[PDB]
file protein-v5.txt (compact mmCIF, C-alpha atoms and all ligand atoms)
# COMPACT_ATOMS: atom_id res chain seq x y z
CA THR A 4 122.00 30.08 -49.50
CA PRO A 5 121.12 32.42 -52.20
CA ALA A 6 123.20 35.58 -52.10
CA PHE A 7 120.25 38.01 -52.43
CA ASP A 8 116.88 36.43 -51.37
CA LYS A 9 114.86 39.30 -52.51
CA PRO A 10 112.90 40.34 -55.65
CA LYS A 11 115.06 41.09 -58.66
CA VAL A 12 115.03 42.74 -62.03
CA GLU A 13 117.06 41.56 -65.08
CA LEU A 14 117.66 43.37 -68.29
CA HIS A 15 120.30 41.32 -70.16
CA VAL A 16 119.58 37.56 -70.92
CA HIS A 17 119.25 35.93 -74.25
CA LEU A 18 116.35 33.47 -74.89
CA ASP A 19 118.49 31.37 -77.22
CA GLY A 20 120.98 30.86 -74.67
CA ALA A 21 118.46 30.27 -71.80
CA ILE A 22 117.20 26.83 -72.85
CA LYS A 23 117.00 23.73 -70.77
CA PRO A 24 119.07 20.65 -71.52
CA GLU A 25 116.09 18.45 -71.37
CA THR A 26 114.05 20.38 -74.00
CA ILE A 27 116.88 20.42 -76.57
CA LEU A 28 117.13 16.51 -75.99
CA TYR A 29 113.42 16.35 -76.46
CA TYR A 30 113.22 18.25 -79.62
CA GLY A 31 115.89 16.92 -81.65
CA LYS A 32 115.14 13.31 -80.61
CA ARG A 33 111.73 13.93 -82.04
CA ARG A 34 113.28 15.66 -85.08
CA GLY A 35 116.12 13.34 -85.85
CA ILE A 36 118.67 16.00 -85.20
CA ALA A 37 121.16 14.76 -82.61
CA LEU A 38 123.63 15.93 -80.45
CA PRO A 39 126.89 15.30 -78.75
CA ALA A 40 124.64 13.32 -76.35
CA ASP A 41 121.21 12.16 -75.19
CA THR A 42 121.07 12.59 -71.60
CA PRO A 43 120.04 16.04 -70.31
CA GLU A 44 122.92 15.61 -68.06
CA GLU A 45 125.88 15.05 -70.28
CA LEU A 46 124.38 17.63 -72.63
CA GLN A 47 124.70 20.26 -69.90
CA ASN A 48 128.39 19.40 -69.43
CA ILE A 49 129.31 19.72 -73.03
CA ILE A 50 127.30 22.91 -73.68
CA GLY A 51 128.26 24.49 -70.51
CA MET A 52 131.64 25.96 -69.99
CA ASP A 53 133.87 25.97 -66.99
CA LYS A 54 136.73 27.76 -68.79
CA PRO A 55 137.31 30.54 -71.29
CA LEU A 56 137.41 29.49 -74.85
CA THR A 57 137.73 30.93 -78.27
CA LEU A 58 134.78 32.35 -80.28
CA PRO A 59 134.73 29.50 -82.76
CA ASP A 60 134.30 27.00 -79.94
CA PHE A 61 131.71 29.27 -78.52
CA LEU A 62 129.56 29.61 -81.74
CA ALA A 63 129.61 25.84 -82.56
CA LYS A 64 127.56 25.15 -79.72
CA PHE A 65 124.76 27.19 -81.09
CA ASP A 66 125.41 24.80 -84.02
CA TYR A 67 124.80 21.65 -82.16
CA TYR A 68 121.61 22.71 -80.34
CA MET A 69 119.92 25.46 -82.37
CA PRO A 70 118.93 23.13 -85.05
CA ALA A 71 116.76 21.35 -82.47
CA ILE A 72 114.39 24.37 -81.77
CA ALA A 73 114.82 26.56 -84.72
CA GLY A 74 112.34 25.95 -87.40
CA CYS A 75 109.76 24.21 -85.25
CA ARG A 76 106.88 26.47 -84.12
CA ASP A 77 106.15 24.38 -81.12
CA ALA A 78 109.70 24.45 -79.92
CA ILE A 79 109.86 28.33 -80.31
CA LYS A 80 106.85 28.92 -78.17
CA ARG A 81 107.86 26.34 -75.68
CA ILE A 82 111.23 27.72 -75.07
CA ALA A 83 109.69 31.00 -74.20
CA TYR A 84 107.08 29.66 -71.90
CA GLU A 85 109.69 27.91 -69.90
CA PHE A 86 112.17 30.79 -69.99
CA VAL A 87 109.65 32.61 -67.78
CA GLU A 88 109.63 29.68 -65.55
CA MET A 89 113.34 29.90 -64.93
CA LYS A 90 113.08 33.42 -64.02
CA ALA A 91 110.24 32.79 -61.52
CA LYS A 92 112.64 30.58 -59.94
CA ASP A 93 115.35 33.09 -59.70
CA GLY A 94 112.97 35.47 -57.82
CA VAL A 95 112.81 37.90 -60.70
CA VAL A 96 109.68 40.19 -60.79
CA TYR A 97 110.50 41.89 -64.14
CA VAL A 98 112.81 40.63 -66.97
CA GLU A 99 113.54 41.93 -70.49
CA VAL A 100 114.54 38.88 -72.63
CA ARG A 101 116.26 39.23 -76.01
CA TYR A 102 116.90 37.30 -79.16
CA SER A 103 117.27 37.45 -82.84
CA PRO A 104 114.08 36.36 -84.65
CA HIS A 105 116.03 35.51 -87.82
CA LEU A 106 118.08 32.92 -85.82
CA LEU A 107 115.13 30.74 -85.09
CA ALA A 108 113.68 31.12 -88.51
CA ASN A 109 113.78 28.71 -91.25
CA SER A 110 112.05 30.55 -94.02
CA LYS A 111 112.25 34.07 -95.47
CA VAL A 112 115.77 34.59 -94.10
CA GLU A 113 119.17 34.58 -95.95
CA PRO A 114 121.54 32.96 -95.46
CA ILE A 115 119.39 30.24 -93.70
CA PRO A 116 120.80 29.74 -90.29
CA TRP A 117 122.52 26.62 -88.72
CA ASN A 118 122.70 24.52 -91.95
CA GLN A 119 118.95 24.16 -91.60
CA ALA A 120 117.09 23.35 -94.61
CA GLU A 121 114.36 25.72 -95.85
CA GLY A 122 111.07 25.17 -94.03
CA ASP A 123 108.19 27.66 -93.64
CA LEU A 124 108.81 29.28 -90.26
CA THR A 125 109.55 32.94 -90.92
CA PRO A 126 111.14 35.55 -88.53
CA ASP A 127 107.89 37.59 -88.17
CA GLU A 128 106.33 34.37 -87.12
CA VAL A 129 109.04 33.69 -84.75
CA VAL A 130 108.16 36.92 -82.88
CA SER A 131 104.56 35.99 -82.70
CA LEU A 132 105.27 32.60 -81.10
CA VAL A 133 107.81 34.05 -78.66
CA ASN A 134 105.31 36.62 -77.72
CA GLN A 135 102.64 33.99 -76.84
CA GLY A 136 104.83 31.96 -74.81
CA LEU A 137 106.28 34.79 -72.73
CA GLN A 138 102.79 36.27 -72.36
CA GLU A 139 101.16 33.07 -71.36
CA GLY A 140 104.17 32.46 -69.11
CA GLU A 141 103.74 35.82 -67.41
CA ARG A 142 100.20 34.77 -66.62
CA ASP A 143 101.15 31.31 -65.10
CA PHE A 144 104.18 32.19 -63.20
CA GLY A 145 103.82 35.75 -61.92
CA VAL A 146 106.91 37.53 -63.54
CA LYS A 147 106.38 40.65 -65.66
CA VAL A 148 108.25 39.98 -69.07
CA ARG A 149 108.99 42.03 -72.07
CA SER A 150 111.26 41.19 -74.92
CA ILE A 151 114.00 42.99 -77.14
CA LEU A 152 114.78 41.97 -80.87
CA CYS A 153 118.51 41.82 -81.84
CA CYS A 154 120.05 42.89 -85.06
CA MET A 155 123.28 40.91 -85.63
CA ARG A 156 126.65 42.73 -86.41
CA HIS A 157 127.51 40.51 -89.43
CA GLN A 158 124.20 40.95 -91.16
CA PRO A 159 123.01 44.52 -91.49
CA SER A 160 120.67 43.33 -94.12
CA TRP A 161 118.42 42.04 -91.44
CA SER A 162 118.14 45.28 -89.25
CA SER A 163 115.43 47.06 -91.06
CA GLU A 164 113.22 44.01 -90.58
CA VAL A 165 114.21 43.99 -86.89
CA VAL A 166 113.10 47.55 -86.40
CA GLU A 167 109.91 46.97 -88.33
CA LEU A 168 109.24 43.92 -86.13
CA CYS A 169 109.78 46.15 -83.09
CA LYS A 170 107.31 48.63 -84.37
CA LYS A 171 104.63 45.98 -85.28
CA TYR A 172 104.69 44.00 -82.06
CA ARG A 173 105.24 47.17 -79.91
CA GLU A 174 104.77 46.31 -76.31
CA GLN A 175 102.94 43.00 -77.34
CA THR A 176 105.81 42.31 -75.76
CA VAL A 177 108.47 44.13 -77.76
CA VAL A 178 110.01 47.15 -76.17
CA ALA A 179 113.51 47.77 -77.60
CA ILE A 180 116.00 46.90 -80.35
CA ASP A 181 119.39 45.50 -79.65
CA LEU A 182 122.76 44.91 -81.54
CA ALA A 183 124.46 41.71 -80.90
CA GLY A 184 127.14 39.37 -82.54
CA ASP A 185 130.72 39.92 -83.13
CA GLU A 186 131.46 43.41 -82.00
CA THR A 187 134.99 43.28 -83.37
CA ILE A 188 133.98 43.14 -86.94
CA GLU A 189 135.71 46.20 -88.44
CA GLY A 190 133.38 49.18 -88.61
CA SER A 191 130.27 47.10 -87.78
CA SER A 192 128.65 49.77 -85.61
CA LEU A 193 128.50 52.01 -88.69
CA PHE A 194 127.19 49.66 -91.32
CA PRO A 195 124.47 51.75 -93.00
CA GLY A 196 121.83 48.98 -92.40
CA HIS A 197 122.46 49.08 -88.54
CA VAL A 198 122.64 52.98 -88.55
CA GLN A 199 119.50 53.36 -90.42
CA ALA A 200 117.61 50.84 -88.17
CA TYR A 201 118.62 52.70 -85.08
CA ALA A 202 117.66 56.05 -86.58
CA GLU A 203 114.23 54.68 -87.43
CA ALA A 204 114.15 53.42 -83.79
CA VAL A 205 114.59 57.11 -82.70
CA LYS A 206 111.99 58.24 -85.24
CA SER A 207 109.35 55.88 -84.08
CA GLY A 208 109.95 55.83 -80.41
CA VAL A 209 111.41 52.30 -80.00
CA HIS A 210 113.93 51.95 -77.05
CA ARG A 211 117.59 51.08 -77.81
CA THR A 212 120.37 49.08 -76.23
CA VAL A 213 123.64 47.89 -78.01
CA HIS A 214 126.13 45.31 -77.02
CA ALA A 215 129.42 47.25 -76.78
CA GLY A 216 132.70 47.32 -74.85
CA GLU A 217 132.45 43.64 -73.92
CA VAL A 218 135.31 42.43 -76.10
CA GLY A 219 135.61 45.58 -78.22
CA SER A 220 137.28 48.86 -77.55
CA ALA A 221 135.99 51.86 -75.95
CA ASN A 222 135.68 53.30 -79.57
CA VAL A 223 132.89 50.72 -79.99
CA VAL A 224 131.03 52.14 -76.91
CA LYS A 225 131.45 55.60 -78.28
CA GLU A 226 129.99 54.64 -81.63
CA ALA A 227 127.01 52.94 -79.85
CA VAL A 228 126.25 56.15 -77.85
CA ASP A 229 127.08 58.92 -80.47
CA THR A 230 125.92 57.30 -83.67
CA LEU A 231 123.42 54.64 -82.89
CA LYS A 232 122.05 56.80 -80.03
CA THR A 233 121.72 53.89 -77.54
CA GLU A 234 120.06 54.26 -74.24
CA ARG A 235 121.73 51.53 -72.37
CA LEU A 236 124.90 49.53 -72.86
CA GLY A 237 125.40 45.70 -73.09
CA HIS A 238 128.35 45.07 -70.74
CA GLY A 239 130.36 48.29 -71.63
CA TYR A 240 133.40 47.25 -69.65
CA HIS A 241 135.98 48.83 -71.93
CA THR A 242 134.47 52.20 -71.43
CA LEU A 243 136.89 52.65 -68.61
CA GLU A 244 139.83 52.76 -71.26
CA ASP A 245 138.66 56.29 -72.30
CA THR A 246 138.28 58.56 -69.36
CA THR A 247 136.44 61.44 -70.67
CA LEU A 248 133.85 59.04 -72.31
CA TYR A 249 133.55 57.26 -68.86
CA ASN A 250 133.11 60.52 -67.13
CA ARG A 251 130.53 61.74 -69.58
CA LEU A 252 128.55 58.52 -69.40
CA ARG A 253 128.51 58.82 -65.55
CA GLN A 254 127.17 62.31 -65.87
CA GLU A 255 124.58 61.30 -68.24
CA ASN A 256 123.39 58.40 -66.06
CA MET A 257 124.03 55.78 -68.82
CA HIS A 258 122.92 52.28 -67.61
CA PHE A 259 125.44 49.45 -68.06
CA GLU A 260 124.03 45.93 -68.29
CA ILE A 261 126.69 43.98 -66.37
CA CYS A 262 127.13 40.23 -66.68
CA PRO A 263 129.78 39.14 -64.22
CA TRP A 264 130.10 35.36 -64.53
CA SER A 265 129.69 35.88 -68.29
CA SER A 266 132.67 38.14 -68.29
CA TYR A 267 135.07 35.43 -66.77
CA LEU A 268 133.94 32.84 -69.23
CA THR A 269 134.05 34.81 -72.29
CA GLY A 270 137.39 36.33 -71.73
CA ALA A 271 135.91 39.78 -71.33
CA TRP A 272 137.51 40.12 -67.96
CA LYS A 273 140.78 38.74 -67.22
CA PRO A 274 141.09 37.14 -63.90
CA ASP A 275 144.47 38.55 -62.76
CA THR A 276 142.70 41.83 -62.53
CA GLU A 277 140.20 44.32 -61.30
CA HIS A 278 136.63 43.40 -62.13
CA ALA A 279 135.06 46.20 -64.03
CA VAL A 280 131.89 46.09 -61.81
CA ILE A 281 134.05 46.82 -58.88
CA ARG A 282 134.96 50.11 -60.29
CA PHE A 283 131.44 50.83 -61.20
CA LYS A 284 130.22 50.11 -57.60
CA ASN A 285 132.73 52.57 -56.15
CA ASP A 286 131.73 55.25 -58.67
CA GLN A 287 127.92 54.86 -57.96
CA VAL A 288 127.37 54.06 -61.57
CA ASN A 289 123.92 53.06 -62.91
CA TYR A 290 124.22 49.36 -63.61
CA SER A 291 122.48 45.99 -63.09
CA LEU A 292 123.50 42.41 -62.75
CA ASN A 293 122.51 39.86 -65.30
CA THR A 294 123.21 36.24 -66.49
CA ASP A 295 123.35 36.57 -70.42
CA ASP A 296 123.37 32.83 -71.37
CA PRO A 297 122.79 30.57 -68.08
CA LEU A 298 122.67 27.39 -70.39
CA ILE A 299 126.10 28.05 -71.69
CA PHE A 300 127.58 29.35 -68.53
CA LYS A 301 126.09 26.80 -66.33
CA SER A 302 124.46 29.34 -64.21
CA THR A 303 121.43 31.09 -62.70
CA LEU A 304 121.08 34.58 -61.48
CA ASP A 305 122.19 33.59 -58.02
CA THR A 306 125.52 32.71 -59.69
CA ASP A 307 126.27 36.23 -60.52
CA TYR A 308 125.11 37.39 -57.12
CA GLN A 309 127.37 34.96 -55.47
CA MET A 310 130.29 35.92 -57.48
CA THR A 311 129.94 39.65 -56.58
CA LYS A 312 129.12 38.99 -52.93
CA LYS A 313 131.97 36.40 -52.44
CA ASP A 314 134.75 37.62 -54.65
CA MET A 315 133.92 41.34 -54.55
CA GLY A 316 132.23 41.96 -51.15
CA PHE A 317 129.11 43.22 -52.48
CA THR A 318 126.56 43.94 -49.89
CA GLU A 319 122.83 43.76 -49.46
CA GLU A 320 122.25 47.42 -49.86
CA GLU A 321 124.32 47.60 -52.98
CA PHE A 322 122.15 44.68 -54.40
CA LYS A 323 119.13 46.74 -53.53
CA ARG A 324 120.53 49.90 -55.22
CA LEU A 325 121.22 48.25 -58.42
CA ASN A 326 117.98 46.59 -58.73
CA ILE A 327 116.29 49.95 -58.22
CA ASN A 328 118.64 51.37 -60.92
CA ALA A 329 117.62 48.43 -63.21
CA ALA A 330 113.98 49.13 -62.81
CA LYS A 331 114.54 52.91 -63.34
CA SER A 332 116.46 52.24 -66.55
CA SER A 333 113.97 49.68 -67.78
CA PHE A 334 112.22 50.09 -71.13
CA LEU A 335 108.65 50.03 -69.82
CA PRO A 336 106.02 52.81 -70.04
CA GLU A 337 106.62 55.34 -67.41
CA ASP A 338 103.39 54.37 -65.61
CA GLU A 339 104.45 50.74 -65.40
CA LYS A 340 107.94 51.62 -64.43
CA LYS A 341 106.69 53.58 -61.31
CA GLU A 342 104.60 50.55 -60.41
CA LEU A 343 107.71 48.42 -60.61
CA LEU A 344 109.64 50.71 -58.40
CA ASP A 345 106.78 50.84 -55.81
CA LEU A 346 106.80 46.96 -55.71
CA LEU A 347 110.50 46.95 -55.12
CA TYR A 348 110.83 49.74 -52.62
CA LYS A 349 108.10 47.91 -50.67
CA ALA A 350 110.08 44.61 -50.65
CA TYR A 351 113.29 46.31 -49.67
CA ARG A 352 111.81 47.76 -46.41
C1 LIG B 1 134.30 36.85 -77.67
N1 LIG B 1 133.14 36.15 -77.17
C2 LIG B 1 131.87 36.55 -77.16
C3 LIG B 1 131.45 37.97 -77.59
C4 LIG B 1 130.05 37.84 -78.25
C5 LIG B 1 129.99 37.20 -79.65
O1 LIG B 1 130.92 37.35 -80.41
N2 LIG B 1 128.92 36.62 -79.91
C6 LIG B 1 128.45 36.27 -81.05
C7 LIG B 1 129.10 36.40 -82.24
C8 LIG B 1 128.57 35.94 -83.34
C9 LIG B 1 127.42 35.25 -83.28
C10 LIG B 1 126.52 34.77 -84.32
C11 LIG B 1 125.44 34.36 -83.69
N3 LIG B 1 125.61 34.59 -82.36
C12 LIG B 1 124.58 34.19 -81.25
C13 LIG B 1 123.32 35.15 -81.25
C14 LIG B 1 122.44 34.97 -80.01
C15 LIG B 1 121.17 35.89 -80.27
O2 LIG B 1 120.22 36.15 -79.22
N4 LIG B 1 123.19 35.20 -78.73
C16 LIG B 1 123.09 34.52 -77.55
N5 LIG B 1 124.03 34.80 -76.75
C17 LIG B 1 124.83 35.74 -77.45
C18 LIG B 1 126.08 36.32 -76.95
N6 LIG B 1 126.33 36.02 -75.69
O3 LIG B 1 126.88 36.94 -77.70
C19 LIG B 1 124.26 36.06 -78.59
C20 LIG B 1 126.75 35.20 -82.08
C21 LIG B 1 127.29 35.61 -80.97
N7 LIG B 1 131.03 35.64 -76.67
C22 LIG B 1 131.78 34.55 -76.27
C23 LIG B 1 131.46 33.40 -75.59
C24 LIG B 1 132.39 32.39 -75.31
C25 LIG B 1 133.71 32.71 -75.62
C26 LIG B 1 134.08 33.93 -76.29
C27 LIG B 1 133.13 34.90 -76.52
ZN ZN B 2 124.42 39.47 -74.35
call {"tool": "encode", "arguments": {"input": "protein-v5.txt", "output": "structure tokens", "more": "lines below"}}
Ligand SMILES: Cn1c(CCC(=O)Nc2ccc3ccn(CC[C@H](CO)n4cnc(C(N)=O)c4)c3c2)nc2ccccc21
Ligand SMILES: [Zn+2]
result
Amino acid sequence: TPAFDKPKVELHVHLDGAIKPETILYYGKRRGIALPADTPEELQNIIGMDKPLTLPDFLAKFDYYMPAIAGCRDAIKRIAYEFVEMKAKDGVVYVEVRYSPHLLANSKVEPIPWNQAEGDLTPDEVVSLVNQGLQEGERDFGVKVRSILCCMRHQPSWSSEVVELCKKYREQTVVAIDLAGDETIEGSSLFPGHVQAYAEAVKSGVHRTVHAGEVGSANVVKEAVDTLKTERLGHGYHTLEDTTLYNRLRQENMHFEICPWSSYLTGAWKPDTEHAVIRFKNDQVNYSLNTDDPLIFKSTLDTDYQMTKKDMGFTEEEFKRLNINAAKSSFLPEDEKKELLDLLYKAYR
């Protein structure tokens, strides 16, 4: 069955939304936290969506389940270990996984997230434990894995710590900074704390992506490219509403991190219309296909491949092309990136 039975690369999935029902049930059982249920069965149904909803309804599900992992070392490392596992099972041979370290912390972070009480699990420590689990997981399951730390739109006060974290754990497994959250917050791309993190990212050679043009305007994409200097875009769909920016980004070979099934469920893409990625396939744009939050969207990577193959007539050699384009726009050392590409061009023959 699976739409594209071949090796894959994925650049855009978030750890905190790539968590198995059963491990959430586990941890908060053992924690006293509790949940809108206690089978890892009915759990999936309530956290998963089948339908667009508002942002509030979206965020409150991080509020049921986050409190179960966040704070608990064991649970941080574990979720990252078995993240890699999921990807092995998608046939992925390289994945960049992203998250905010503050959002799993319980100590040395204000405000403290998720109505947690203060503990002594700090963000820097978060990174450490994530690292271990992905690294150990790379070892056990045969998928090359790096990670990306997210600043969050609404709290520019955390972004200098993000970049510093990026520089300290640099490719142990951190390779890039990201900007995630509510991208409609008025002027958020230009908050000095964000701007100055991304400038220090240029100064110290840390790679840069930015979620933009998902649910914001094409002015948000422009700000990500021109001011934050990003190298790739998260989603970027609304780029198409500004033609000269579109055309320049095609000429510059900008990579767009597309998340198709994501884009139905979040409202990004409105189903009476054109999918965005269809335009990009016809224009030979540099983009990849990605899942974002499989937990929440009920999905695996094959989901997004089936959607494009079935609803959009994507073909095998288009799936090949974009995975090559994903590996080319990855944030690895150039030596490792060529090694990637060799693996894949071998598999595709
Ligand atoms: C508008 N909209 C967005 C756009 C993205 C958005 O606003 N996200 C957002 C906003 C504020 C917060 C505050 C915390 N988070 C979660 C952070 C974590 C960090 O790794 N995370 C995990 N997944 C996402 C994501 N898909 O946006 C972000 C936020 C995430 N996501 C939606 C999903 C269902 C329905 C509507 C949606
Ligand atoms: Zn995302």
call {"tool": "residues_near_ligand", "arguments": {"input": "protein-v5.txt", "ligand": "ligand LIG 1 (chain B)", "cutoff": "9 Å", "atoms": "only C-alpha atoms and all ligand atoms", "output": "PyMOL selection string"}}
result
chain A and resi 16-21+52+54-62+65+101-104+106+152-157+183-187+214+217-219+265-266+268-271+295-296+299-300
call {"tool": "residues_around", "arguments": {"input": "protein-v5.txt", "residues": "region 38-40 of chain A", "least_positions_apart": "4", "cutoff": "8 Å", "atoms": "all atoms listed in the file", "output": "JSON, numbers by chain"}}
result
{"A": [28, 31, 45, 46, 49, 67, 68]}
call {"tool": "atom_distance", "arguments": {"input": "protein-v5.txt", "atom1": "CA of residue 333 (chain A)", "atom2": "CA of residue 221 (chain A)"}}
result
23.6 Å
call {"tool": "atom_distance", "arguments": {"input": "protein-v5.txt", "atom1": "CA of residue 316 (chain A)", "atom2": "CA of residue 260 (chain A)"}}
result
19.4 Å
call {"tool": "atom_distance", "arguments": {"input": "protein-v5.txt", "atom1": "CA of residue 98 (chain A)", "atom2": "CA of residue 148 (chain A)"}}
result
5.1 Å
call {"tool": "residues_around", "arguments": {"input": "protein-v5.txt", "residues": "residue 84 (chain A)", "least_positions_apart": "4", "cutoff": "9 Å", "atoms": "only C-alpha atoms", "output": "PDB file with C-alpha atoms, in the coordinates of the input"}}
result
ATOM      1  CA  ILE A  79     109.860  28.330 -80.310  1.00  0.00           C
ATOM      2  CA  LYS A  80     106.850  28.920 -78.170  1.00  0.00           C
ATOM      3  CA  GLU A  88     109.630  29.680 -65.550  1.00  0.00           C
ATOM      4  CA  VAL A 133     107.810  34.050 -78.660  1.00  0.00           C
ATOM      5  CA  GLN A 135     102.640  33.990 -76.840  1.00  0.00           C
ATOM      6  CA  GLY A 136     104.830  31.960 -74.810  1.00  0.00           C
ATOM      7  CA  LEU A 137     106.280  34.790 -72.730  1.00  0.00           C
ATOM      8  CA  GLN A 138     102.790  36.270 -72.360  1.00  0.00           C
ATOM      9  CA  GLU A 139     101.160  33.070 -71.360  1.00  0.00           C
ATOM     10  CA  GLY A 140     104.170  32.460 -69.110  1.00  0.00           C
ATOM     11  CA  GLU A 141     103.740  35.820 -67.410  1.00  0.00           C
TER      12      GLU A 141
END
call {"tool": "residues_around", "arguments": {"input": "protein-v5.txt", "residues": "region 111-119 of chain A", "least_positions_apart": "5", "cutoff": "12 Å", "atoms": "all atoms listed in the file", "output": "VMD selection string"}}
result
chain A and resid 36 62 to 75 103 to 106 124 to 129 157 to 162 164 to 165
call {"tool": "closest_residue", "arguments": {"input": "protein-v5.txt", "among": "A:206, A:291, A:305, A:182", "to": "residue 94 (chain A)", "atoms": "all atoms listed in the file"}}
result
A:305
call {"tool": "closest_residue", "arguments": {"input": "protein-v5.txt", "among": "A:37, A:262, A:177, A:202", "to": "ligand ZN 2 (chain B)", "atoms": "only C-alpha atoms and all ligand atoms"}}
result
A:262
